[PDB]
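**Q**
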Amino acid sequence: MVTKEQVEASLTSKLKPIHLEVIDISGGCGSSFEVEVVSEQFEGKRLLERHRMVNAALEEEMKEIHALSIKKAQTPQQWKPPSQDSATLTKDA
Numbered sequence: 189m190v191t192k193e194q195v196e197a198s199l200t201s202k203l204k205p206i207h208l209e210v211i212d213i214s215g216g217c218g219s220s221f222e223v224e225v226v227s228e229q230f231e232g233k234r235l236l237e238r239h240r241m242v243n244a245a246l247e248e249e250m251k252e253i254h255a256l257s258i259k260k261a262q263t264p265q266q267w268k269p270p271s272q273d274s275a276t277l278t279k280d281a
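This is the structure:
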């Protein structure tokens with residue numbers, strides 16, 4: 189059992205305030221959060237180590253919550269200058 193509110197500040201601390209967006213898509217408060225991370229732990233890194241690195245700092249977190257899904261493990265080098273949300277077609281471009 190956890191709160192997403194502490195998850196908010198927790199990931200920001202252990203992973204650093206780069207790009208974190210976790211959202212309980214399971215229960216209400218405590219439960220399996222879907223995180224979107226863009227941090228330097230994915231920088232020219234291999235996707236597998238990418239997840240294994242984020243959850244390293246979030247594994248303790250995962251033990252207290254129901255689950256933590258890193259839906260996105262990306263760095264500003266592939267993220268590059270923002271041109272992804274545009275091409276989501278949520279505003280055409």
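When we follow my numbering, the leftmost residue of the sequence shown carries the number 189, and every step to the right adds one.
Note that beta-carbon positions come from the ideal geometry of N, C-alpha and C, so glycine has one too.
Tell me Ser257's beta-bridge partners as DSSP assigns them.
**A** The count along the sequence shown starts at 1 and reaches residue 257 at position 69. Answer is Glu222.
**Q** How long is the line joining the alpha carbons of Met189 and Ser214, rounded to whole angstroms?
**A** The sequence position of residue 189 within the sequence shown is 1, counting from 1. The sequence position of residue 214 within the sequence shown is 26, counting from 1. If you take the alpha carbons of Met189 and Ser214, they lie about 13 Å apart.
**Q** Please list the terminal residues of the continuous alpha helix (DSSP H) segment that includes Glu209.
**A** In the sequence shown, the residue the question calls residue 209 occupies position 21. Premise fails: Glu209 lies in the beta strand (DSSP E), 208-212, not in any alpha helix (DSSP H).
**Q** Is it the case that the Cβ atoms of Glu231 and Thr263 are separated by a distance below 8 Å?
**A** Along the sequence shown, read from residue 1 onward, the residue named residue 231 stands at position 43. Along the sequence shown, read from residue 1 onward, the residue named residue 263 stands at position 75. Against a cut-off of 8 Å, the Cβ pair of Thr263 and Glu231 comes out as a contact.
**Q** Where do the ends of the alpha helix (DSSP H) carrying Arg240 lie?
**A** Position 52 of the sequence shown, counted from the first residue, corresponds to residue 240. Per DSSP, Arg240 belongs to the alpha helix (DSSP H) from 235-242.
**Q** Tell me, please, which residues DSSP counts as bridged to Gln262.
**A** By one-based count along the sequence shown, residue 262 stands at place 74. Its beta-bridge partners are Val226.
**Q** On the CB-based measure, 16 or more other CB atoms within 10 Å of its CB, does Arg238 come out buried or exposed?
**A** As a working mapping, residue 238 is identified with position 50 in the sequence shown. Its Cβ being crowded by 16 or more others within 10 Å, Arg238 is buried.
**Q** Looking at the unbroken alpha helix (DSSP H) that takes in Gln194, where does it start and where does it end?
**A** Locating residue 194 in the sequence shown gives position 6, where the first residue counts as 1. 192-202 is the extent of the alpha helix (DSSP H) around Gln194.
**Q** With distances taken between CB atoms, is the gap from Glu224 to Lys259 smaller than 8 Å?
**A** Along the sequence shown, read from residue 1 onward, the residue named residue 224 stands at position 36. Along the sequence shown, read from residue 1 onward, the residue named residue 259 stands at position 71. Cβ distance < 8 Å, so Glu224 and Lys259 count as in contact.
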